[PDB]
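What follows is a pair of forms of the same protein chain, given separately as structure tokens and numbered structure 1 and structure 2.
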Structure 1
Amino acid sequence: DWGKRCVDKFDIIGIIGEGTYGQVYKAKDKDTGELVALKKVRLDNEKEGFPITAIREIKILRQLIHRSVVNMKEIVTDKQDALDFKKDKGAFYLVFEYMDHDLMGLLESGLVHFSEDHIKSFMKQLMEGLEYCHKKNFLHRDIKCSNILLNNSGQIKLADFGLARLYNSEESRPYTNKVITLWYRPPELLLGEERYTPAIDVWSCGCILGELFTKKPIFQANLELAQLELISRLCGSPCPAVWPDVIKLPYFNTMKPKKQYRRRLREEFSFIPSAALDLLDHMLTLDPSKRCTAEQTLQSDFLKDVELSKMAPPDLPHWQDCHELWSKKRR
């Protein structure tokens, strides 16, 4: 019975930013004391009202309770016009777990350099959350560095499920296609694929895996065509040899790179650890069918034995568990 509780339950600390729907605030709860993120859903009438972005998020997060995902704790509302109603204008507040930093903010400093053991730890967590989403048939469709949050305890959580939609393999209907930020957008979406696979998120995580080593985004264009060449300049050009079913893609024969590049990936990322390069090579395959799945990423030599298990030292107290919610997720 969400939306009944009061915001007076929460002591607001500060404004984190303007979000995809209204604004995002940091706040603590006067009852427990644990800190919380609040997404303000200001309801605008004479427009379209309750945003789908807030709806996609709610619908999915109430089915996703996992360690590597910022979980939605509850929903709370403003005041209570016990008279009239119809006067409205009150907002709804989405209550999430709180993370201090995002990977984009940290990497922007040029101060933080993650050791291989950390990247091994970060990816293992990330690919475990995405594997969970895909196991429950949800596409994130908006995976970027600014959407990958990180607290001081080392814990990674995937955020912003405002573009996330349910997926079935029976190819039910065309999707939006113009999804994901241009820099983290896979080749098939650039060529105009409408009915896409979960392997689009795996591409984005791969582009982030390369960014953790190079300390800079590996694909950085401004227009869609120029982005394809940058990919071709590294992963090789999309063509029937490397990729059987590109011919069935709409903008292929029209949107071509300058030459038929030979794949130069292992050459430009040669400084990267061997097993890490093996994973990056796989996560950044042109043909989505030959691309790596999230389930498979955790079976790579680079992630397979990365022990995130909380029995080995050290004991981190500030780690946000989810077995409270998951247990409570019986009701």
Structure 2
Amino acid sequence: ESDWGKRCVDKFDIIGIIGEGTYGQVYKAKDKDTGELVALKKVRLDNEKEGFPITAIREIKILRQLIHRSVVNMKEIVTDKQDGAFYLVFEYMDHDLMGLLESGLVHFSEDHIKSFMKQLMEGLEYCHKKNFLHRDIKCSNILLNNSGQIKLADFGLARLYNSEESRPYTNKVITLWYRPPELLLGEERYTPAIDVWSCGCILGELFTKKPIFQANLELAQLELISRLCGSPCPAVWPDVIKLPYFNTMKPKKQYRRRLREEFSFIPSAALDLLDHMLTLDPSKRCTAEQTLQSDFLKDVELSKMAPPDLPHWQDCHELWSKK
């Protein structure tokens, strides 16, 4: 169906609110004609000074350019009854990574992690190849269904990136805990590397079940990053002295990288990949394509993997986890 925007929201049965969204609520709902479960993201128009939100417009333009298994795919746009909000429509996903981790109902085996990472990275690689930067990777933006299928979501901060030559981009992107060192240090002409750093944080978080860098503020965050990955310095990161806040934001002692010691409990192949993902110099950081060729992922056959043990009776989304 090419003919978007005309079908009515009342063709869906609204089951319940699953999210609080930037420009409207997110609903679980059911298709009355097909019986299919969907998520509806509301876009409210009324009382907006500038009408339909430029934010949703950007996301819509990006979503429409991406078709991949591991990336959220918007089915149609529907309207409130007329004569007024729109609703973006997506395949319903039972959970997101944050809600699950927080539920305390789940445990992820090495095999589960491999499978999740394989799917996340293939989604990410696809986006990068299309010249999109995600810029908001975090647990709450990764969706998982009961069949154990992963989808990268929330393209609300994504943008096109110039692969041919460098361009200046917005710096305060990515929630702080997942934000890479070059951004904390004020880079504006950054790269798809920023997203891979976010993913290495997820990977580590899957093993410890807690976000691996948890600070309030930027300087504090850099210090925590320094403590694990080593201080940023020219010896490992020559270009670092060119960054705006390098002198201003300086860690507290000149730390050694102790990533491999701190995460020794992790399997060695996972740990290689983690090491590479959390490499401070974005130009040395592995690409999304590189992660897929790693020991940890290269031989993961998805068809041959058992779905994980996820609750089929509770939908573990981030909003739920708070309530």
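All residue numbers here refer to structure 1's sequence, counted from 1. Each form is matched to the other, and the largest set of C-alpha atoms that superpose within 1.5 Å is called the rigid core.
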*Considering only 178, 258, 135, 173, which residue exhibits a C-alpha shift of no less than 2 Å between structure 1 and structure 2, with the rigid core used for superposition?*
173
*Align on the rigid core first; then say whether the Cα of residue 45 has moved by at least 2 Å between structure 1 and structure 2.*
yes
*Using the core for the fit, does the CA position of residue 321 change by 2 Å or more between structure 1 and structure 2?*
yes
*Could you tell me whether the Cα atom of residue 109 shifts by at least 2 Å between structure 1 and structure 2 after core superposition?*
yes
_Given the rigid core as reference frame, how large is the C-alpha shift of residue 15 between structure 1 and structure 2? Answer in angstrom._
1.0
*Could you tell me how many Å the Cα atom of residue 309 shifts between structure 1 and structure 2 when the rigid core is held superposed?*
3.2
*Core superposed, what is the CA shift for residue 151 between structure 1 and structure 2, in angstrom?*
1.1
